[PDB]
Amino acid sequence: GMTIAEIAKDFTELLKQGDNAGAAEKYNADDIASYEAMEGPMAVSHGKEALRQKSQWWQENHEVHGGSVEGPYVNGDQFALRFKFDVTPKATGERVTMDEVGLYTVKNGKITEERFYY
């Protein structure tokens, strides 16, 4: 029913409102594949509920001080967002600004893949 442009707009709006979990629950495909930019073993994730667990883990391990979302930028079945996060990881305790691009693939109205570039 909704077009990629509408899905992209709603999802981005939700993230700008800081409603990351609502955005994910609403739009992620049951089998969403998520690919972190950082090299390593748990970079790749499969499954909507797995991703929710990873997202909760990430919130428990970072203090988010602020941030912005720019986009959506659309091309065909995908949209890109540009994220800037002001965060203190518990792992380091050293405040940093993270700058990345997320690329979201949409099929049948659900995000089937998210890939982050850093």
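All residue numbers refer to positions in the sequence shown, first residue = 1.
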item: Residue stretch of maximal mean CA temperature factor, 109 to 117 vs 1 to 9; value: 1 to 9
item: 46 to 54 set against 84 to 92, stretch whose average Cα temperature factor tops the other in the entry; value: 84 to 92
item: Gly76 - Cα temperature factor, lowest/middle/highest third of chain; value: lowest
item: Third of the chain's Cα B-factor distribution that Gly18 belongs to, per the entry; value: highest
item: Relative C-alpha B-factor of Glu60, binned into the chain's lowest, middle or highest third; value: lowest
